[PDB]
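The block underneath contains the structure these notes are about, expressed in structure tokens.
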Amino acid sequence: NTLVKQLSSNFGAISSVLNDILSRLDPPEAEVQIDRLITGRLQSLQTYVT
Amino acid sequence: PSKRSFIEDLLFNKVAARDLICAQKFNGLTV
Amino acid sequence: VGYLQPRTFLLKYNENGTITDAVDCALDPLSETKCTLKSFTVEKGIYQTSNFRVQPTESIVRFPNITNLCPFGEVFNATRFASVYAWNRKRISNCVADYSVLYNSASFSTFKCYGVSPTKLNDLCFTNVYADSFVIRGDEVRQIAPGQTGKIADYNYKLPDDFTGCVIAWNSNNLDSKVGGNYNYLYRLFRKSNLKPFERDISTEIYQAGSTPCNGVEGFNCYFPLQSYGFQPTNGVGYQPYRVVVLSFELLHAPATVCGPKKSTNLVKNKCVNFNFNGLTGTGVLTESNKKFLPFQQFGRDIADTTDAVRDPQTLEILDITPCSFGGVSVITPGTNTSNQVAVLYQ
Amino acid sequence: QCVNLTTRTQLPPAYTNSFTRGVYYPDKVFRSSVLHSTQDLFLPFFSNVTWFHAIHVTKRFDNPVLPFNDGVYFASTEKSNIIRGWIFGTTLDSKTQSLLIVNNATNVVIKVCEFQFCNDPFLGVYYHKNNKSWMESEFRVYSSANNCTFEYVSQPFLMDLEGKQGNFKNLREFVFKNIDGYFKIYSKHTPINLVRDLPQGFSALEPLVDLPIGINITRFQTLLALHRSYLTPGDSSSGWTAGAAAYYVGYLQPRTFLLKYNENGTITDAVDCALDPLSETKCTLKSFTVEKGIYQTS
Amino acid sequence: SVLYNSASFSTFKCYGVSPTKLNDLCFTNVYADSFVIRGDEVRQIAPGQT
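Residue numbers (the entry's author numbering), protein chains in the order written: chain A, 960 to 1009; chain B, 812 to 826, 845 to 860; chain C, 267 to 613; chain D, 14 to 70, 76 to 316; chain E, 366 to 415.
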């Protein structure tokens, strides 16, 4: 349940769906948001693995 | 059909999107 | 003759610095396992691979049909506007809103869209388009920004911090100026309070300055809050008038019928195809949904904060989106030292 | 044109309690069979609001001006159409653009202009003796309308303008919000059948309109309508009657609310996360039926 | 606030502090340096230029 609910967190982004951010902003501007989402998901996965 | 007794059977019995398994399979979570 | 293709190649370098062995890690599961393990020696066992992802075949873009076009000759090329303290407000809806018409029309000076890219104005759909047109001075152009200083951005106009809209500004020295002194545009200067975002004020009362009560006298410490301008075709470039138009619209909110030149095409279901709805793009399979929406919603999410149900802006129906990537693939190998015969397994 | 109403017996404002009321749809995302949490302005549950009566019996008639905040909830229990419209302003002296949303006997007029309100604005229906019929007559609200920007007129409908009894047969729930100069109005109607007090149950209000007024609202007043007969004593400014309706006004506060969605995609249960430690624990654990045991909060 | 109602400027750039937050802060060691340059050299007065 925690792993499922962690997919809804934006980790400092405007939305959790990458298509929602890639449709209004250019990749040069959404790259930081994608990197933040990737870092948050990696931290959640590392915590779950531990 | 198995090789369980009465106590063993009792102990065994005592233990899209909207669905849990279907939603978990979309994120790579497999059992 | 052969055509090259972008493939993931694994190269082996010896002590001579030249290429000796090359493995195409994009054709067989054994090569994928070798590239994953980063070793040419593979032991006997089983290894999971990528999931079965169905490649898309079609891309549909469903948009409501428009039969009108928004007027651009009276907005970006008008002959008479208003002042800055009383900007002209207009509502734009039920028409095709385009942004490429600004290149073959008038010569604009500044054009900046905050909160949205300047290349997706025709692909995305606009909701509640409000056009605020006014005329300011050349030196007051930098003050018109979401969060700045100056008296114009405090007692006349005001922009929100999280403003998601466009702002255009073009010079009009031969339209809002005269040799005998232009006094048709006034701006607020003296005021004891700020202004909320998107607020209009047309108060013409006497401002009370200092410790002397005014209450209508027009004398010392009782100046008028609305001061006139001085546009004339004889000063420099910093005193010429500038017409500024601010277009404010919402992105993905209320089911609006404005959008742009994009219209509806076809509707295909039961297949992994790309779908575009109100600017939101997705990839999956469409299925006839059974749960209706609400008369004020457009999209639908769940616990994963992902678009699960979409509303067709044609027949007012709901369609569920399912990911077409389902299935776990595994490769069983007996080892490179034995033979070469892999087995594919789908869980 | 501008007169003051007299001959009335004022009563102290009574205090009543609300039973789970003041929940609308702050988001436009369809949610079903999922527990979602958000931070918006909602009415506090099990709080204490005011109740103003309006029974003819001395009579009882009140029309105060209440300060506007960041969300006003209006629950009107009516049976003969007494409460008419609303007026939002700040100074009310032909100096600031004021909003007037009135429901006339023919159309609905929404005007954002610098109106000149009198000391007691209201409407007044008259009952003729030669012809037993009701028709709107007096309209003592604004004296003149100078500068005007937004003007909206609805479609013609049918209104008998006749007072009828038989307990409260209508309940109107309104929510007024002011966000970035935009006035969001949420409206809902319900054919109730109660005597008095507050209607129990749950009701999720739907978005009705979003007007781009672009002005500041600090005070608001409820424009009402009186009914005069053919045998009114004196002139037409003191022989009027009260009516038969009630209205509750509440101020919304930004409190964290936990919502419970069912299979229909509608809000069926709301929990105030900021009211009690048990409610805080329920909001933190995302549950509604906690068992026995100790828990740590904030 | 007394500089807008008496004179008109062309460029007002405050680095390190927003201009809308200069009313609730305290200044320490106020040094004023006035000079005269050309119109194309205005861009040369910025932290980190060529």
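For every residue, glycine included, the Cβ atom is placed at its ideal position computed from N, Cα and C.
Rounded Cβ spacing between residue i and residue j (contact assumed at less than 8 Å)
i: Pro521 of chain C; j: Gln564 of chain C; result: 4 Å
i: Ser221 of chain D; j: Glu191 of chain D; result: 6 Å
i: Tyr200 of chain D; j: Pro230 of chain D; result: 6 Å
i: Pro589 of chain C; j: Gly550 of chain C; result: 5 Å
i: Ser98 of chain D; j: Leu56 of chain D; result: The Cβ separation is near 27 Å, so there is no contact.
i: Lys187 of chain D; j: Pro209 of chain D; result: 6 Å
i: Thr376 of chain C; j: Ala435 of chain C; result: 4 Å
i: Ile584 of chain C; j: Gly548 of chain C; result: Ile584 of chain C to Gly548 of chain C, Cβ: 15 Å. No contact.
i: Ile119 of chain D; j: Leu242 of chain D; result: That belief does not hold up - the Cβ atoms of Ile119 of chain D and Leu242 of chain D are roughly 13 Å apart, past 8 Å.
i: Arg847 of chain B; j: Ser46 of chain D; result: 6 Å
i: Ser383 of chain C; j: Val511 of chain C; result: Not confirmed; about 19 Å, so no contact.
i: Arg457 of chain C; j: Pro491 of chain C; result: 6 Å
i: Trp64 of chain D; j: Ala264 of chain D; result: 7 Å
i: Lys77 of chain D; j: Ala260 of chain D; result: 4 Å
i: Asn532 of chain C; j: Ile326 of chain C; result: 6 Å
i: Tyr453 of chain C; j: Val350 of chain C; result: 5 Å
i: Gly504 of chain C; j: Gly381 of chain C; result: The pair is not a contact, with the Cβ atoms about 29 Å apart (cut-off 8 Å).
Local Cβ density within 10 Å of residue i, reported as buried at 16 or more and exposed below that
i: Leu277 of chain C; result: exposed
i: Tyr451 of chain C; result: buried
i: residue 614 of chain C; result: Past the edges of chain C, shown from 267 to 613, lies residue 614 of chain C, and the structure says nothing about it.
i: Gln115 of chain D; result: buried
i: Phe562 of chain C; result: exposed
i: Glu406 of chain C; result: buried
i: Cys379 of chain E; result: exposed
i: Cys301 of chain D; result: buried
i: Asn487 of chain C; result: exposed
i: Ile402 of chain C; result: buried
i: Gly89 of chain D; result: buried
i: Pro507 of chain C; result: buried
i: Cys391 of chain E; result: exposed
i: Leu518 of chain C; result: buried
i: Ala288 of chain C; result: exposed
i: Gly219 of chain D; result: exposed
i: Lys528 of chain C; result: buried
i: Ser514 of chain C; result: buried
For residue i: DSSP bridge partner residues
i: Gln314 of chain C; result: C:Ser596
i: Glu154 of chain D; result: D:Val143
i: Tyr380 of chain C; result: C:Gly431
i: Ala372 of chain C; result: Paired residues: none, contrary to the question.
i: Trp64 of chain D; result: D:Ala27
i: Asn196 of chain D; result: D:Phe201
i: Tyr396 of chain C; result: C:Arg357 and C:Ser514
i: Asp290 of chain D; result: D:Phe275
i: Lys77 of chain D; result: DSSP lists no partner for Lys77 of chain D.
i: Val267 of chain D; result: D:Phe92
The alpha helix (DSSP H) enclosing residue i, as first and last residue numbers
i: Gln271 of chain D; result: First-last for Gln271 of chain D: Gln271 to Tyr279, but that is the beta strand (DSSP E), not the alpha helix (DSSP H).
i: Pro295 of chain C; result: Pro295 to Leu303
i: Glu309 of chain D; result: Element bounds for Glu309 of chain D: n/a, residue is neither H nor E.
i: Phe817 of chain B; result: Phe817 to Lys825
i: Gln853 of chain B; result: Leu849 to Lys854
i: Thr961 of chain A; result: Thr961 to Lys964
i: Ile980 of chain A; result: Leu977 to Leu981
N-terminal and C-terminal residue of the beta strand (DSSP E) that residue i is part of
i: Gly999 of chain A; result: Run containing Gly999 of chain A: none in the beta strand (DSSP E); it sits in the alpha helix (DSSP H), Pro986 to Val1008.
i: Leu229 of chain D; result: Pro225 to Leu229
i: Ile587 of chain C; result: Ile584 to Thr588
i: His207 of chain D; result: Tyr200 to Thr208
i: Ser94 of chain D; result: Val90 to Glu96
i: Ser50 of chain D; result: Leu48 to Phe55
i: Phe238 of chain D; result: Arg237 to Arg246
i: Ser116 of chain D; result: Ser116 to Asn121
i: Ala609 of chain C; result: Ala609 to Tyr612
i: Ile326 of chain C; result: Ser325 to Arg328
i: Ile233 of chain D; result: Run containing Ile233 of chain D: none; DSSP gives neither H nor E here.
i: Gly107 of chain D; result: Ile101 to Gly107
Check each residue of the region 405–437 of chain C: if its Cβ is closer than 8 Å to any Cβ of chain F, include it; give the result in chain order.
The displayed structure is made up of protein chains A, B, C, D and E, and chain F is not among them.
Every unbroken beta strand (DSSP E) inside the region 416–502 of chain C [3 residues or more]
431–437, 452–454 and 492–494
Let me know the beta strand (DSSP E) ranges lying completely inside the region 507–580 of chain C, each 3 residues or longer, listed in chain order.
507–517, 538–543, 546–554 and 575–577
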